[PDB]
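As structure tokens, the next two blocks hold two forms of the same chain, structure 1 and structure 2.
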Structure 1
């Protein structure tokens, strides 16, 4: 009587969701967009992901949220509106082989479903599409505005429908292996027929859904963020410790300054304090410094280990100060003082409590008048890359170690050389930073929104266009490279970084090496 076909094309059944019909009576305006934005799939700002045989079933490959942050045109247009309503459509492409086996599921997760941990059995209880990694053509899905409000505010994030993809079946290759074959995936989107904005406002450039960019300066023309010297090298080195705990040069991508890093590069490794001088018997002058901020304000013990720009390493410091004497026939001079920074004893060093001690040998009194001084670094002796004596021997608030790199990932280092006093070894002492200056700035000056876990960057030659490597910039302000060698590897410093897209935490980078 009836025939049931064995092969049916996949589709997602939906019930239509009302947009501006529900929002019109309570909104001030209903603003329509260009009719040709409805005709083209354009790559999402988060539009890159990867699949590897290192992955396991149940891992989330990506998750996207409905809103004007999925389309470059809509993200550009959102700067002159206060709200939005409507549905969208998403397209997915995978670059697979004929030798690869594997299945993924793309599901539609409603708002207010708890965001804990889904499993492979649960993911198929949502409206979904099952996709093979060998597909040649793109796959598309809808995104409806299931909501309890009349419309959404642009300037916040709120809660909306999500699009989550997880690895349903493990990725296998018939080849003996193991290789390092990676399947690339890209995402595109476009609004559906029932999308518009709410209220026409002036265009504000410093809005959310504004893409992050970087200053166009080569690394040679930059300033080191931990020692006052120009940047001289760019390298990766797996023989060095992997998770340092530097306190300077640390900034969040969204603009938060972590640790004791300042805004300007003239505050690095310097300090400002009120000085009092004394003489003991023959040891010379002893200077006690009560520390303040470099702009003249007062220092209060808080969530930082020291005033902004305080040195975060160990050794003996030779510094310069400006002094005035009460002697006859001699006005202001510049004096050199000796300082102890490393974890030691026989002194009471507590910059966390605003007390510092310095000294200089002298057979006379050479009395000086107390006042405000600014101390800058001149020379270093016995340098060690470890935190200083912030308190006497106690614990103070600190920025966390860098971490938590994926397997095979190493840290990119910007390298400069210090002025060092040595007797036997003539080698130049070297110090490293994660991000240079003018990168600490351009953050906290632009208040960006992260919208994802990492940023993909490409390093390129200026006048040739050759690609040197690609890297991941995490939201915590450090760069990772995929390198598996044993020795140091350096790179030319006349390149330019450029932003590609937002990528998730599990993204797999193309390997680098010699």
Structure 2
């Protein structure tokens, strides 16, 4: 190892009296260096001193073996050993500082003038052998708990003295550094309990379902292909199909795939001597519950696209030539208002253009959409002309990155062309349901996906799934680019935000 101004720290010699058991580990784990997650960095000549290369906290998450073994235990104590590996030839200059931050330290930005005060080591970029460091366990309690995120001593590495090298015309230069770790000879678990599957250290996975069979979240119709292009606005404001990875729903996205673009309301029918009878709908949640205004722009499943739409609402007739019928009503959701539709307050109006006043009975009807007229990709009038709370627009994106859109086609009334519409969304419905049900634990920033074919095994492209619930690609073209609907998404690992993908 290396000399560091710190005292030896006791491990299991302190927690033995106050713990029921002390459990050993397989001895073949103390002899292997396994890469820690998020333990990679790349230094480039354009970087400036003071950039935080990486930081990570001591725990059972620094080793897949320990992270898996910590499901049937309760606590853990002890120190670990860490190895830093740098790639660089003998025509390089620069220096990097590696420190040992104490646990209870304020969270903020560290300038290069402050990082050196901690017990630290200084490493050149020309170093040949890997650099070894200890990672003790400084605490105030006898042992930690495996199901709680406590405070533990961290490791922070930041660039100290910048890099000076020449560069060819193709790949300028990148000094790559990687981190490995292993438990020391003083690591022990505490109490044996029956295994728990839904633990905190669970890698995120995705359902094995091809995109051709998914269900769109903005309109009840199957997905008919996915694509990416820069023509459309970079930051839309869709209120359906938004979800966090951790399992919290934003906007007005419903849990099931049948509530989309449909609403439940109590109806009141009153004949009007002009166009026809007029129905006023007081909205109510689909499951059946009082609707009160809040942070949601509308009741769950309400449409989030502007245009002219019609629905079927299971009419009833008290006249004697029949008892129950279904006929098409009329709805207006486009811009320019000219109506008194207040979904936020729970009040909608509908009408049918027909004479010979009908006989109707109010029957707390449902509603299912049929088709649209004049689709516009803007939000509708949630209030009269006021502002209502809503989800933030999708963004921001790294330069040269573009959103991936799942696309479907609508039914049209236009008398000019019948090509497409075509409605886009960020995620299909089953992904939303999966993320809502499982409720994973987000680790750092984002996931690295891979859209590989099932049979041949060749890889199509690499995409990044941000924590906010959208997928971005490193595309630098000019025209629309579609993709096949056969491959299966996979999860690679967590990556930092400032990660550069492979261009497609």
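Numbering follows the first chain given and starts at 1. The term rigid core refers to the maximal set of C-alpha atoms that superpose within 1.5 Å between the two forms.
For the residues 489, 473, 44, 481, superposed on the rigid core between structures 1 and 2, a C-alpha shift of 2 angstroms or more shows up only at 44.
A movement of the C-alpha atom of residue 432 falling short of 2 angstroms is seen between structures 1 and 2 when the two forms are aligned on their rigid core. Fitting the two forms on the rigid core leaves the C-alpha of residue 463 displaced by under 2 angstroms between structures 1 and 2. Relative to the superposed rigid core, residue 187 undergoes a CA displacement of at least 2 Å between structures 1 and 2.
Shown is the Cα shift of residue 169 between structures 1 and 2 after rigid core superposition, which amounts to 5.5 Å. Overlaying the rigid core between structures 1 and 2 leaves the Cα of residue 151 displaced by 2.3 angstrom. On a core-based overlay, residue 99 has a Cα shift of 9.1 Å between structures 1 and 2.
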